[PDB]
Amino acid sequence: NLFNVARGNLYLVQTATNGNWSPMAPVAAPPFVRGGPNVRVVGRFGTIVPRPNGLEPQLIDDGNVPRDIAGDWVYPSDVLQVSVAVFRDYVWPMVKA
Amino acid sequence: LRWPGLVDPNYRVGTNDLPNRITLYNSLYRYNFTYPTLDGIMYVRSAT
């Protein structure tokens with residue numbers, strides 16, 4: 001950190017607060033570690049399948065199974081480098097909600 | 001005998017006599033096939 005390089009993973013949760021906010025030193029426990037209770041890891045393509053007639057779009061996880069967006073997700077860095085337009089249009093507005 | 005599908009009451013729907021006789025009135029079957037184009041979204045595997 002002394003050479004402008006942070007270690008560890010990156011969290012994107014909506015935290016609407018008023019008091020103190022320390023991103024660099026999270027005082028709470030880090031939520032949803034990889035492999036936790038119903039935390040899902042995206043497969044290599046980062047592929048949203050669309051569903052008809054008002055059904056929510058599903059996301060292909062590591063086990064090549066389309067699972068629903070709302071929940072705890074782990075994205076690898078390289079998946080997010082190629083799914084970034086799919087990220088910003090399908091699952092990033094679900095983060096803002 | 002050329003027109004049993006219009007005259008004969010015992011005409012089963014879809015019956016021809018083609019090795020013997022051309023029937024000039026029959027039961028066709030009109031179609032309304034749809035022709036789907038494919039404009040999907042194409043992905044690339046991550047480096048991982």
# chains A, B, ... in the order shown; residues from 1 in each chain; ligands from 1
$ interface_residues --of "chain A" --to "chain B" --cutoff "6 Å" --atoms "only C-alpha atoms" --output "PyMOL selection string"
chain A and resi 44-45+78-79
$ write_last_selection --atoms "N, CA, C and O atoms" --output "PDB file, in the first residue's frame"
ATOM      1  N   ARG A  44     -16.298 -18.520 -17.320  1.00  0.00           N
ATOM      2  CA  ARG A  44     -15.215 -17.856 -18.037  1.00  0.00           C
ATOM      3  C   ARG A  44     -15.719 -16.812 -19.022  1.00  0.00           C
ATOM      4  O   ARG A  44     -14.996 -15.863 -19.333  1.00  0.00           O
ATOM      5  N   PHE A  45     -16.940 -16.957 -19.520  1.00  0.00           N
ATOM      6  CA  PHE A  45     -17.410 -16.030 -20.537  1.00  0.00           C
ATOM      7  C   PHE A  45     -18.071 -14.791 -19.963  1.00  0.00           C
ATOM      8  O   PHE A  45     -17.997 -13.722 -20.578  1.00  0.00           O
ATOM      9  N   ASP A  78     -10.446 -11.294 -14.949  1.00  0.00           N
ATOM     10  CA  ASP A  78     -10.361 -11.456 -16.391  1.00  0.00           C
ATOM     11  C   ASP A  78     -11.728 -11.665 -17.015  1.00  0.00           C
ATOM     12  O   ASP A  78     -11.921 -11.342 -18.191  1.00  0.00           O
ATOM     13  N   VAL A  79     -12.674 -12.204 -16.248  1.00  0.00           N
ATOM     14  CA  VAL A  79     -14.046 -12.311 -16.722  1.00  0.00           C
ATOM     15  C   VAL A  79     -14.664 -10.929 -16.844  1.00  0.00           C
ATOM     16  O   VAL A  79     -15.344 -10.618 -17.828  1.00  0.00           O
TER      17      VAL A  79
END
$ residues_around --residues "range 26-40 of chain A" --least-positions-apart "4" --cutoff "8 Å" --atoms "only C-alpha atoms" --output "ChimeraX atom specification"
/A:22,61-62,71-74
$ residues_around --residues "residue 24 in chain B" --least-positions-apart "5" --cutoff "12 Å" --atoms "only C-alpha atoms" --output "PyMOL selection string"
chain B and resi 1-7+15-18
$ write_last_selection --atoms "N, CA and C atoms" --output "PDB file, in the first residue's frame"
ATOM      1  N   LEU B   1     -65.803 -38.589 -61.168  1.00  0.00           N
ATOM      2  CA  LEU B   1     -64.662 -39.408 -60.813  1.00  0.00           C
ATOM      3  C   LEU B   1     -63.383 -38.590 -60.737  1.00  0.00           C
ATOM      4  N   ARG B   2     -63.331 -37.448 -61.422  1.00  0.00           N
ATOM      5  CA  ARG B   2     -62.244 -36.495 -61.245  1.00  0.00           C
ATOM      6  C   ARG B   2     -62.415 -35.645 -59.998  1.00  0.00           C
ATOM      7  N   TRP B   3     -63.642 -35.502 -59.501  1.00  0.00           N
ATOM      8  CA  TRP B   3     -63.954 -34.606 -58.389  1.00  0.00           C
ATOM      9  C   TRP B   3     -64.642 -35.318 -57.222  1.00  0.00           C
ATOM     10  N   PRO B   4     -64.015 -36.315 -56.575  1.00  0.00           N
ATOM     11  CA  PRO B   4     -64.703 -36.938 -55.437  1.00  0.00           C
ATOM     12  C   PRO B   4     -64.658 -36.101 -54.178  1.00  0.00           C
ATOM     13  N   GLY B   5     -63.676 -35.215 -54.036  1.00  0.00           N
ATOM     14  CA  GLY B   5     -63.582 -34.376 -52.859  1.00  0.00           C
ATOM     15  C   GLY B   5     -64.624 -33.288 -52.783  1.00  0.00           C
ATOM     16  N   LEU B   6     -65.339 -33.034 -53.872  1.00  0.00           N
ATOM     17  CA  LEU B   6     -66.401 -32.045 -53.900  1.00  0.00           C
ATOM     18  C   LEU B   6     -67.787 -32.661 -53.987  1.00  0.00           C
ATOM     19  N   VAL B   7     -67.903 -33.855 -54.552  1.00  0.00           N
ATOM     20  CA  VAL B   7     -69.186 -34.477 -54.838  1.00  0.00           C
ATOM     21  C   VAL B   7     -69.460 -35.651 -53.907  1.00  0.00           C
ATOM     22  N   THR B  15     -57.400 -38.106 -49.412  1.00  0.00           N
ATOM     23  CA  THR B  15     -57.340 -39.321 -50.210  1.00  0.00           C
ATOM     24  C   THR B  15     -57.093 -38.965 -51.670  1.00  0.00           C
ATOM     25  N   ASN B  16     -56.092 -39.599 -52.273  1.00  0.00           N
ATOM     26  CA  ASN B  16     -55.781 -39.430 -53.684  1.00  0.00           C
ATOM     27  C   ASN B  16     -56.046 -40.734 -54.424  1.00  0.00           C
ATOM     28  N   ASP B  17     -55.847 -40.699 -55.739  1.00  0.00           N
ATOM     29  CA  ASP B  17     -55.890 -41.905 -56.556  1.00  0.00           C
ATOM     30  C   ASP B  17     -54.776 -41.851 -57.596  1.00  0.00           C
ATOM     31  N   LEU B  18     -53.611 -41.361 -57.185  1.00  0.00           N
ATOM     32  CA  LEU B  18     -52.507 -40.974 -58.061  1.00  0.00           C
ATOM     33  C   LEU B  18     -51.861 -42.051 -58.940  1.00  0.00           C
TER      34      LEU B  18
END
$ closest_residue --among "A:80, A:19, A:97, A:69" --to "residue 48 in chain A" --atoms "only C-alpha atoms"
A:69
$ select_by_dssp --residues "range 27-92 of chain A" --states "helix (DSSP H, G or I)" --output "short mmCIF file (atom, residue, chain, number, x, y, z; two decimals) with C-alpha atoms, in the first residue's frame"
data_model
loop_
_atom_site.label_atom_id
_atom_site.label_comp_id
_atom_site.auth_asym_id
_atom_site.auth_seq_id
_atom_site.Cartn_x
_atom_site.Cartn_y
_atom_site.Cartn_z
CA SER A 77 -10.77 -10.00 -12.91
CA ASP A 78 -10.36 -11.46 -16.39
CA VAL A 79 -14.05 -12.31 -16.72
CA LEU A 80 -14.95 -8.72 -15.89
CA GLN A 81 -12.47 -7.46 -18.50
CA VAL A 82 -14.50 -9.07 -21.29
CA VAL A 84 -17.81 -5.32 -18.95
CA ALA A 85 -20.56 -4.22 -21.33
CA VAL A 86 -22.69 -7.11 -20.11
CA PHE A 87 -21.71 -6.20 -16.53
CA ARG A 88 -22.62 -2.53 -16.88
CA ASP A 89 -25.96 -3.19 -18.59
CA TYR A 90 -27.35 -6.24 -16.76
CA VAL A 91 -25.86 -6.75 -13.30
CA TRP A 92 -24.42 -3.34 -12.43
#
$ decode --residues "range 26-61 of chain A" --atoms "N, CA, C and O atoms" --output "mmCIF file, in the first residue's frame"
data_model
loop_
_atom_site.group_PDB
_atom_site.id
_atom_site.type_symbol
_atom_site.label_atom_id
_atom_site.label_comp_id
_atom_site.auth_asym_id
_atom_site.auth_seq_id
_atom_site.Cartn_x
_atom_site.Cartn_y
_atom_site.Cartn_z
ATOM 1 N N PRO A 26 -11.712 -1.475 6.240
ATOM 2 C CA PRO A 26 -13.072 -1.912 6.581
ATOM 3 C C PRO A 26 -13.123 -2.395 8.023
ATOM 4 O O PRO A 26 -12.484 -3.382 8.389
ATOM 5 N N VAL A 27 -13.872 -1.669 8.849
ATOM 6 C CA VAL A 27 -13.928 -2.011 10.264
ATOM 7 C C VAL A 27 -14.787 -3.257 10.484
ATOM 8 O O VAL A 27 -14.540 -4.029 11.417
ATOM 9 N N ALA A 28 -15.754 -3.512 9.608
ATOM 10 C CA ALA A 28 -16.591 -4.690 9.724
ATOM 11 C C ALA A 28 -15.902 -5.893 9.088
ATOM 12 O O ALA A 28 -14.831 -5.788 8.489
ATOM 13 N N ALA A 29 -16.529 -7.054 9.243
ATOM 14 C CA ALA A 29 -16.042 -8.252 8.589
ATOM 15 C C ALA A 29 -16.315 -8.173 7.087
ATOM 16 O O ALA A 29 -17.329 -7.612 6.666
ATOM 17 N N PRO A 30 -15.417 -8.703 6.261
ATOM 18 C CA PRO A 30 -15.648 -8.707 4.814
ATOM 19 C C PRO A 30 -16.752 -9.679 4.439
ATOM 20 O O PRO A 30 -16.644 -10.886 4.698
ATOM 21 N N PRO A 31 -17.837 -9.195 3.841
ATOM 22 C CA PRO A 31 -18.966 -10.075 3.539
ATOM 23 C C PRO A 31 -18.706 -10.952 2.325
ATOM 24 O O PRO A 31 -17.932 -10.608 1.430
ATOM 25 N N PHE A 32 -19.417 -12.086 2.310
ATOM 26 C CA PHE A 32 -19.496 -13.104 1.257
ATOM 27 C C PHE A 32 -18.138 -13.477 0.647
ATOM 28 O O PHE A 32 -17.828 -13.135 -0.493
ATOM 29 N N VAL A 33 -17.286 -14.143 1.428
ATOM 30 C CA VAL A 33 -16.054 -14.687 0.856
ATOM 31 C C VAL A 33 -16.385 -15.778 -0.161
ATOM 32 O O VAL A 33 -17.480 -16.353 -0.173
ATOM 33 N N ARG A 34 -15.419 -16.052 -1.038
ATOM 34 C CA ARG A 34 -15.632 -16.986 -2.137
ATOM 35 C C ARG A 34 -15.813 -18.407 -1.621
ATOM 36 O O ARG A 34 -15.016 -18.894 -0.814
ATOM 37 N N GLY A 35 -16.866 -19.068 -2.087
ATOM 38 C CA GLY A 35 -17.219 -20.374 -1.586
ATOM 39 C C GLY A 35 -18.095 -20.354 -0.359
ATOM 40 O O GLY A 35 -18.275 -21.403 0.270
ATOM 41 N N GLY A 36 -18.648 -19.201 0.001
ATOM 42 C CA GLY A 36 -19.457 -19.077 1.188
ATOM 43 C C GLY A 36 -20.863 -19.606 1.009
ATOM 44 O O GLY A 36 -21.162 -20.339 0.062
ATOM 45 N N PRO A 37 -21.749 -19.271 1.948
ATOM 46 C CA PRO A 37 -23.170 -19.613 1.791
ATOM 47 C C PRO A 37 -23.772 -18.867 0.612
ATOM 48 O O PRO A 37 -23.720 -17.640 0.553
ATOM 49 N N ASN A 38 -24.291 -19.650 -0.345
ATOM 50 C CA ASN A 38 -24.877 -19.318 -1.650
ATOM 51 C C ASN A 38 -24.239 -18.119 -2.352
ATOM 52 O O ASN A 38 -24.927 -17.220 -2.843
ATOM 53 N N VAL A 39 -22.910 -18.126 -2.415
ATOM 54 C CA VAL A 39 -22.136 -17.163 -3.187
ATOM 55 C C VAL A 39 -21.722 -17.842 -4.481
ATOM 56 O O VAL A 39 -21.254 -18.987 -4.468
ATOM 57 N N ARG A 40 -21.895 -17.147 -5.597
ATOM 58 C CA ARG A 40 -21.800 -17.746 -6.918
ATOM 59 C C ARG A 40 -20.680 -17.104 -7.720
ATOM 60 O O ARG A 40 -20.522 -15.884 -7.712
ATOM 61 N N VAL A 41 -19.904 -17.936 -8.405
ATOM 62 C CA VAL A 41 -18.731 -17.505 -9.153
ATOM 63 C C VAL A 41 -19.045 -17.608 -10.636
ATOM 64 O O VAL A 41 -19.438 -18.677 -11.111
ATOM 65 N N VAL A 42 -18.857 -16.511 -11.367
ATOM 66 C CA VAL A 42 -19.174 -16.479 -12.790
ATOM 67 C C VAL A 42 -18.161 -17.298 -13.578
ATOM 68 O O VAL A 42 -16.953 -17.242 -13.320
ATOM 69 N N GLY A 43 -18.655 -18.063 -14.551
ATOM 70 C CA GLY A 43 -17.813 -18.783 -15.478
ATOM 71 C C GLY A 43 -16.994 -17.875 -16.382
ATOM 72 O O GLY A 43 -16.985 -16.650 -16.274
ATOM 73 N N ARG A 44 -16.298 -18.520 -17.320
ATOM 74 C CA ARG A 44 -15.215 -17.856 -18.037
ATOM 75 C C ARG A 44 -15.719 -16.812 -19.022
ATOM 76 O O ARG A 44 -14.996 -15.863 -19.333
ATOM 77 N N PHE A 45 -16.940 -16.957 -19.520
ATOM 78 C CA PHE A 45 -17.410 -16.030 -20.537
ATOM 79 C C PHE A 45 -18.071 -14.791 -19.963
ATOM 80 O O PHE A 45 -17.997 -13.722 -20.578
ATOM 81 N N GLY A 46 -18.705 -14.896 -18.800
ATOM 82 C CA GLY A 46 -19.442 -13.774 -18.257
ATOM 83 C C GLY A 46 -20.704 -13.526 -19.048
ATOM 84 O O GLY A 46 -20.924 -12.427 -19.562
ATOM 85 N N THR A 47 -21.535 -14.551 -19.158
ATOM 86 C CA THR A 47 -22.624 -14.593 -20.122
ATOM 87 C C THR A 47 -23.983 -14.544 -19.435
ATOM 88 O O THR A 47 -24.334 -15.449 -18.672
ATOM 89 N N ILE A 48 -24.736 -13.477 -19.707
ATOM 90 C CA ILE A 48 -26.139 -13.359 -19.319
ATOM 91 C C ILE A 48 -26.998 -14.001 -20.396
ATOM 92 O O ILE A 48 -26.882 -13.660 -21.577
ATOM 93 N N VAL A 49 -27.858 -14.929 -19.995
ATOM 94 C CA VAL A 49 -28.894 -15.420 -20.896
ATOM 95 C C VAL A 49 -30.171 -14.626 -20.638
ATOM 96 O O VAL A 49 -30.524 -14.367 -19.480
ATOM 97 N N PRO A 50 -30.851 -14.158 -21.678
ATOM 98 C CA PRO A 50 -32.119 -13.455 -21.477
ATOM 99 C C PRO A 50 -33.289 -14.419 -21.384
ATOM 100 O O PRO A 50 -33.307 -15.487 -21.995
ATOM 101 N N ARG A 51 -34.280 -14.028 -20.586
ATOM 102 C CA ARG A 51 -35.434 -14.885 -20.399
ATOM 103 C C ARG A 51 -36.708 -14.159 -20.806
ATOM 104 O O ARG A 51 -36.856 -12.967 -20.520
ATOM 105 N N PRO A 52 -37.641 -14.839 -21.463
ATOM 106 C CA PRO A 52 -38.808 -14.150 -22.010
ATOM 107 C C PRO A 52 -39.887 -13.897 -20.969
ATOM 108 O O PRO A 52 -39.917 -14.507 -19.900
ATOM 109 N N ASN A 53 -40.765 -12.950 -21.318
ATOM 110 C CA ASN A 53 -42.055 -12.717 -20.662
ATOM 111 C C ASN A 53 -41.897 -12.303 -19.202
ATOM 112 O O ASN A 53 -42.499 -12.881 -18.298
ATOM 113 N N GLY A 54 -41.073 -11.288 -18.974
ATOM 114 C CA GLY A 54 -40.927 -10.724 -17.652
ATOM 115 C C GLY A 54 -40.070 -11.513 -16.691
ATOM 116 O O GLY A 54 -39.928 -11.097 -15.535
ATOM 117 N N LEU A 55 -39.504 -12.635 -17.112
ATOM 118 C CA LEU A 55 -38.595 -13.364 -16.248
ATOM 119 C C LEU A 55 -37.239 -12.678 -16.222
ATOM 120 O O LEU A 55 -36.803 -12.080 -17.207
ATOM 121 N N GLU A 56 -36.580 -12.760 -15.072
ATOM 122 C CA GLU A 56 -35.317 -12.073 -14.880
ATOM 123 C C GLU A 56 -34.213 -12.746 -15.692
ATOM 124 O O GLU A 56 -34.247 -13.957 -15.909
ATOM 125 N N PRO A 57 -33.240 -11.974 -16.177
ATOM 126 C CA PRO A 57 -32.112 -12.579 -16.890
ATOM 127 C C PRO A 57 -31.225 -13.370 -15.946
ATOM 128 O O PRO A 57 -30.944 -12.945 -14.825
ATOM 129 N N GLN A 58 -30.800 -14.538 -16.403
ATOM 130 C CA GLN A 58 -29.989 -15.435 -15.602
ATOM 131 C C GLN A 58 -28.526 -15.276 -15.989
ATOM 132 O O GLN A 58 -28.201 -14.883 -17.109
ATOM 133 N N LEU A 59 -27.643 -15.585 -15.048
ATOM 134 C CA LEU A 59 -26.209 -15.471 -15.262
ATOM 135 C C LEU A 59 -25.565 -16.840 -15.135
ATOM 136 O O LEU A 59 -25.820 -17.564 -14.169
ATOM 137 N N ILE A 60 -24.736 -17.189 -16.115
ATOM 138 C CA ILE A 60 -24.040 -18.469 -16.115
ATOM 139 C C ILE A 60 -22.930 -18.424 -15.077
ATOM 140 O O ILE A 60 -22.057 -17.553 -15.124
ATOM 141 N N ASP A 61 -22.945 -19.372 -14.144
ATOM 142 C CA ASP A 61 -21.928 -19.393 -13.108
ATOM 143 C C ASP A 61 -20.747 -20.254 -13.556
ATOM 144 O O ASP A 61 -20.596 -20.573 -14.737
#
